[PDB]
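Participant: Pasting a structure below so you can have a look.
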Amino acid sequence: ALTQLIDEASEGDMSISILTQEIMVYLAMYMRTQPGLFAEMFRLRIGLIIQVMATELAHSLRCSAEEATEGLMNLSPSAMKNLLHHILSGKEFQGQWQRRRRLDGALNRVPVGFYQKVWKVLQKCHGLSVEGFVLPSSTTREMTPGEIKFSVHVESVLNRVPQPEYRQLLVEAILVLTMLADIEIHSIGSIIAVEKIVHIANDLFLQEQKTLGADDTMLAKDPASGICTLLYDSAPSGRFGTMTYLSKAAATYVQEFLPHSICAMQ
Amino acid sequence: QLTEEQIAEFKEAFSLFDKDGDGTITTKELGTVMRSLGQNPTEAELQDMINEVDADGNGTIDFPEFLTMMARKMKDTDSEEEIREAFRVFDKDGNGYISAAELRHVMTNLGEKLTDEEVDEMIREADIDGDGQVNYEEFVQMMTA
Amino acid sequence: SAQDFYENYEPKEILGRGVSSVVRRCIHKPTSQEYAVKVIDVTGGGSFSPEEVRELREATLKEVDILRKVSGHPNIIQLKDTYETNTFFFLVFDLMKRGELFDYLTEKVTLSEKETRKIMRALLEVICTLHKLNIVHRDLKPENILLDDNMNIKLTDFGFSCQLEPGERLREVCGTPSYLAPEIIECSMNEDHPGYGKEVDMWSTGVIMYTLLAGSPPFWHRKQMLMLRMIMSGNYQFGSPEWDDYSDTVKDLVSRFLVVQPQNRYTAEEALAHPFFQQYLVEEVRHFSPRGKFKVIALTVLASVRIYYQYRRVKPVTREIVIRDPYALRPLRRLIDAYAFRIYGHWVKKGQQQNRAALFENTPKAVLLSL
Amino acid sequence: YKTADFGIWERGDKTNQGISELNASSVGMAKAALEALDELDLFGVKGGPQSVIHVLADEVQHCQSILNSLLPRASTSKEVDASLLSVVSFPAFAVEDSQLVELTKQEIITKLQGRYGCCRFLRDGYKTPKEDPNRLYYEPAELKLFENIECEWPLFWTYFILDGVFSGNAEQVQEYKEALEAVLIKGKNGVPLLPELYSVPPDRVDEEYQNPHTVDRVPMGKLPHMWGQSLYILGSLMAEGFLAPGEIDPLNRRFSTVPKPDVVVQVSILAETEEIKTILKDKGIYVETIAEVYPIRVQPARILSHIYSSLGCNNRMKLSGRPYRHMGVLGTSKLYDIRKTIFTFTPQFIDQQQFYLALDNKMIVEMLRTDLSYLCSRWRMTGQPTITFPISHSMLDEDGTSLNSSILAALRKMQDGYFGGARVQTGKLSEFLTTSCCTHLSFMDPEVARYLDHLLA
Ligand SMILES: C/C=C(\C)CC/C=C(\C)CCC=C(C)C
């Protein structure tokens, strides 16, 4: 049945069917010998693994996706295993962090305990909405924080954004609520749109660079997401990092929903 | 750049802070001092206060840590306020002149027993303008020195 | 022989990995004591040509030598004994349950002033022993530094070390790029400079100071040669908002190791004599002139007043200051760095394209894209 | 290890919705049963090879790979189950790492035990007064209704008593004996009865919601619980010196937690043709050819899998023997005695007809490196494992006159005595005849037999 499911999920393309099971051996090979590469991935998505492995072998030896598709068939099993380990371990051979966010939100790689941190935040809220799909606080009572079924619910909401790079922006956006939630004594008591916090953070990332001397050329919009391409390439921390602007926009949204706030314990 | 002298001055100050020879200054110990000098802050205040300086240290300040504070991290305004404050701490009278006896008042407060003439001498050694008084200008000139 | 290896130790689990060397935990059967074994593949899977196979042995044969020249010292591992085979070279040393300082620096992005002081107090006292025996490391990276359950520093991988003949200065370029002293590159780009001596380790140690206390290398940028001009010229900045909260005694000692000219560098013996590493010994008479007593009582007051003033100054976290500038104030900036390294702590590794500074954006995009 | 089942509680996952899951109790129990039946004569001492149950350590240690990964959890849906006491200590002894046993036992302690026994698993609600006894299934929302008010079964306290007797913790056999003696319901002529479960009274459900494990519970369910009652008497028998752990465990499963030293993996590199023996000789590799090993004859791992398809065949009972399952090194590293001819089977990762992972020589070393590592740490048979490694023409260079560097490094690596964390004693297959697991395949003793008949001749 497992082989039949792979073949049916192969939608007829025979090259992916073997690559699906070929990677499955390597995933199990690294899982048995190095369990630490999957500590940040609770769902092993082989199907996109070929896709995410395609992009890095596309950017390396810069070529088209179809040439990479022909290229992916061409590597040796050891090279294929190494390149997958190149993907999973976090070793690097658009932009630097744009290639580290298209490789971090396409694998649905999330920090240890992030699914155990959404549970804490949702108890202080009514839900968490992404692209207008809500993950309500009723889930917190329904499954335990450590329940993998809950991990699916948080995960399912987070794939409502198709583009991989924007998902990781949502991922660390969720955590800037978590870290602001600890400081804030009161609860928002309403819905929070995790998507929007990135958007004004995109907007607020826009204003500061305009003031400091950025041209319209460098701050170019991502066609689908609506985020500046430089914001995707921006480093996480720092004065002008992505999570400084998202630690910045995770407060103006709480301004309208929470008229009065008290922040303690620094 | 802090001289062997300066480091030594910071060290004896650390000694004046800890009555026990603990090698550390506790939230309680700082307190005994502030109250010695007349600023009685909440035991909680103290905890925060020792925390601002250390951040781990479990409420005890250490000397390597101590010097870190006494090195002039202070801004001109910031120090100015402080320099001024000590000066007031010095004059309960608030007359604005440093009594030889006022110096004694502070030591007596810090539990160090030192000779009466020596005290006059301490001021005298440092005293030119204020015969018998250290003026604030003398105090500031002195601290930098 | 391999029989001699298994007659005394039994490797249980894999601790770490390397380019061709694997670190493995073992049990010493006679003593039942935890020990680490580094397992270097001499043949390297067949990639090593006979020259590299020979050179790796000579590098390894040398490597036993330095680790045999320094022993019993608290803060460098003890090579308990070394076994060589035709295909491997086993080296058994102390077990460090915790990993390298790089892994630790990933967990805590900014390493606190008290913690770094004893960390490097050992490292400088490590550096004194190497220089007194006249042995330079040239490789003082935090991944070369191992920490135990008590956080004690165990300097590791003297793989690039070489003993200078009295008054001789090397020319070979040995070391990953960021932690190379200015004359390392200068000797690489010129023949007139007759070489570098034991003062090399001082610069590398001073680099750890900027990395540990700020979470970034002093000089880092994504292309290779650009980092080099920041090194030889020596343009470093205790930038804001990051580097303003630390005490001023930190900054001067950082510049001392970071001076570009070697002779003016701050050698290890006087390095421990800078005010930071001064320790409070309880039993000191500390006699003082009457002016000296008056300062102490004034300084004792000046301290108490100071502490109340500094604290009063700290601004509680409010909604507005988060909106205007999160990084500016410490508690929120350290937090942003902390949750920066929890999400992308897998993205920091060894090398140039994986350094920690890649996780920090301290400059406007326009200035970054100026050239 | 690869089959989902409803398990010890006949309800599958925590949701109780007919969803079978991989429970550690089933995986652990099968591992112990497989080890218990391993070379066991079902007729006792007065038995023969016809009455011996043959168990393959590939499936036994595959259950270990799942137990180590699952524990201290019972499944992906259960953070812990008190039935894991039936796996860590008794009667399975299926966990070999003592740290795992203590960690799992203490996890049961914190999350399940109260003052009336231990809960089967978190959010159980089997007989909690907050579930309707008519519906066989539970809706998803009902799971949160069972929190902290779950029925508590003294059955698992008999397991802790049994664990203490086996481990030798007189303190453990005392804390759980007085605890069990205060929950035992007296009946008939004063005999103790073990309640199946202790249930929260319907009015007092809210109190245990707020303050956990303090409200008085009423005995419900089966009275006596014939399962739990037996181990209570069994624990009582072995705690008052009427029975020893060895008599109830004659197969010595209780020693599963004692450390096992790693084994020395014997490797006999072979050459498919004489002309490959010269390339290896030119590189200084002492090998026998495939023909020089005769009378010992080597075969692919598949052939061994076909052979076991005749073990347990009974036409009248319509039993077809073992299904075709892939054979790992633990099966293929034994020496097989089929019809008085010694058989060694090539390890499966070198099989080239199945897939293309054997056609990359850099992958042979990588698979071999882990496969020796799997062998040394997981060998539980008499003798030392013997991997017969035949060098094929595909493992040579594209030129055809030189051995590939990756395999070339691999072969010398084995002669020096260490490869992949395993001690390798390289030699000839004849030398390892007496220091190997010589398993006699008695079912072959008078399809695959017809092939083996010509193969023998
Ligand atoms: C101290 C925080 C200051 C601006 C940020 C505003 C915080 C919040 C708006 C609500 C988000 C999470 C809540 C968990 C309960």
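Residue numbers (UniProt numbering), protein chains in the order written: chain F, 875 to 967, 1051 to 1223; chain L, 4 to 148; chain R, 12 to 382; chain B, 176 to 621, 659 to 669.
All C-beta atoms in this analysis are idealised placements derived from N, C-alpha and C, irrespective of residue type, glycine included.
For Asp-256 (chain B), collect the residues of the same chain with a Cβ closer than 6 Å to its Cβ; drop the 5 residues on either side in sequence, then sort them by chain order.
Facilitator: Within the same chain, Cβ atoms closer than 6 Å to the Cβ of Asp-256 (chain B) are found at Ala-249, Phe-296, the five residues on either side in sequence being excluded.
Participant: So, does the segment 953-963 of chain F touch the segment 889-908 of chain F, judging by three or more C-beta pairs under 8 Å?
Facilitator: yes
Participant: At what residues does the alpha helix (DSSP H) containing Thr-80 (chain L) begin and finish?
Facilitator: 79-93
Participant: Could you spell out where the beta strand (DSSP E) holding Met-395 (chain B) opens and where it closes?
Facilitator: 393-395
Participant: Jot down the residue ranges of each uninterrupted alpha helix (DSSP H) in the segment 536-561 of chain B, minimum 4 residues, whole runs only, in chain order.
Facilitator: 536-552
Participant: Let's see if you can read the secondary structure: which residues bound the alpha helix (DSSP H) around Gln-1164 (chain F)?
Facilitator: 1151-1169
Participant: By the 8 Å beta-carbon criterion, what residues does the segment 90-109 of chain L contribute toward chain R?
Facilitator: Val-92, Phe-93, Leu-106, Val-109
Participant: Return the CA-CA distance between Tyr-483 (chain B) and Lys-189 (chain B), expressed in angstroms with no decimal places.
Facilitator: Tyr-483 (chain B) and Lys-189 (chain B) have their C-alpha atoms roughly 37 Å apart.
Participant: Taking the straight line between their C-alpha atoms, what separation do you get for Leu-1085 (chain F) and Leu-1127 (chain F)?
Facilitator: 11 Å
Participant: Out of B:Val-473, B:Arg-514, B:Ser-495, point me to the one whose CA is closest to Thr-521 (chain B)'s CA.
Facilitator: B:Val-473
Participant: Would you decide whether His-357 (chain R) is buried or exposed? Buried here means 16 or more other CB atoms lie within 10 Å of its CB.
Facilitator: For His-357 (chain R), the number of other beta carbons within 10 angstroms of its own is at least 16, and it is reported as buried.
Participant: If the cut is a Cβ gap below 7 Å, which residues of chain R does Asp-437 (chain B) touch?
Facilitator: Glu-21
Participant: When the distance is taken between beta carbons, is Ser-1204 (chain F) closer than 7 Å to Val-1087 (chain F)?
Facilitator: no
Participant: Flag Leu-49 (chain L) as yes if its beta-carbon sits less than 7 Å from any beta-carbon of chain R, otherwise no.
Facilitator: no
Participant: Output needed for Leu-426 (chain B): all residues of its chain with C-beta closer than 7 Å, excluding positions within five of it in sequence on either side, in chain order.
Facilitator: Correct list, in chain order: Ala-211.
Participant: Using a threshold of 6 Å, is the CB atom of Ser-1086 (chain F) nearer than that to any non-hydrogen atom of ligand 1?
Facilitator: No - ligand 1 has no heavy atom lying nearer than 6 Å to the Cβ of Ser-1086 (chain F).
Participant: Could you check the C-alpha separation between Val-50 (chain R) and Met-542 (chain B) for me, to the nearest Å?
Facilitator: 19 Å
Participant: Just the Cα atoms here: how many angstroms apart are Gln-144 (chain L) and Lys-152 (chain R)?
Facilitator: 45 Å
Participant: Quick one: what's got a C-beta closer than 6 Å to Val-1114 (chain F)'s C-beta in the same chain, skipping five residues either side?
Facilitator: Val-1087, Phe-1090, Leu-1092
Participant: On the DSSP letters alone, give me the boundaries of the beta strand (DSSP E) that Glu-45 (chain R) sits inside.
Facilitator: Element bounds for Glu-45 (chain R): 44-52.
Participant: Within 7 Å of any Cβ in chain L, is that where the Cβ of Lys-304 (chain R) sits?
Facilitator: yes
Participant: Is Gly-558 (chain B) near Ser-611 (chain B), with beta carbons less than 7 Å apart?
Facilitator: yes
Participant: In the DSSP assignment, what residue or residues form a beta bridge with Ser-443 (chain B)?
Facilitator: B:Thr-563
Participant: Using a Cβ cut-off of 8 Å, pull out every chain D residue sitting near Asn-373 (chain R), in sequence order please.
Facilitator: The structure shown contains no chain D; the protein chains it does contain are F, L, R and B.
Participant: If you measure beta-carbon to beta-carbon, which residues of the UniProt domain "EF-hand 1" (8-43) of chain L are closer than 9 Å to chain R?
Facilitator: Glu-8, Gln-9, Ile-10, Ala-11, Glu-12, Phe-13, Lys-14, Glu-15, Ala-16, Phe-17, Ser-18, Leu-19, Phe-20, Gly-24, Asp-25, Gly-26, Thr-27, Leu-33, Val-36, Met-37, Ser-39, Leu-40, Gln-42
Participant: Take the Cβ of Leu-922 (chain F) as the centre, count every other Cβ of all protein chains shown within 10 Å, and call the residue buried at 16 or more, exposed below.
Facilitator: The Cβ neighbour count for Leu-922 (chain F), taken over all protein chains shown within 10 Å, is under 16; the residue is labelled exposed.
Participant: Do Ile-138 (chain R) and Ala-279 (chain R) have their beta-carbon atoms positioned less than 7 Å apart in this structure?
Facilitator: In this structure, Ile-138 (chain R) lies closer than 7 Å to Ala-279 (chain R) by Cβ.
Participant: Check each residue of the segment 51-83 of chain R: if its Cβ is closer than 9 Å to any Cβ of chain B, include it; give the result in chain order.
Facilitator: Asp-52, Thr-54, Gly-55, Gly-56, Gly-57, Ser-58, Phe-59
Participant: Are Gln-192 (chain B) and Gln-441 (chain B) touching if we call contact CB-CB under 7 Å?
Facilitator: no
Participant: Just to check my reading of the structure: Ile-194 (chain B) and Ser-258 (chain B) have Cβ atoms closer than 8 Å, yes? What is that Cβ distance to the nearest angstrom?
Facilitator: Between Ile-194 (chain B) and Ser-258 (chain B) a beta carbon distance of about 18 Å is seen, past the 8 Å cut, so the two are scored as non-contacting.
Participant: Taking the continuous alpha helix (DSSP H) assigned at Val-143 (chain L), which residues delimit it?
Facilitator: 139-147
Participant: How would you call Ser-480 (chain B), buried or exposed, if buried means at least 16 neighbouring beta carbons within 10 angstroms?
Facilitator: buried
Participant: To which residues of the same chain is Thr-929 (chain F) closer than 7 Å at the C-beta, ignoring the five residues directly before and after it?
Facilitator: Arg-1059
Participant: In or out: residue 170 (chain B) buried (at least 16 other Cβ within 10 Å) or exposed?
Facilitator: With chain B represented from 176 up to 669, any question about residue 170 (chain B) goes unanswered, as that position is not in the structure.
Participant: Can you tell me the Cα-Cα spacing of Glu-69 (chain R) and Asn-97 (chain R), whole angstroms?
Facilitator: 13 Å
Participant: My output table needs one value for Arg-36 (chain R): the three-state DSSP class, helix, strand or coil.
Facilitator: strand
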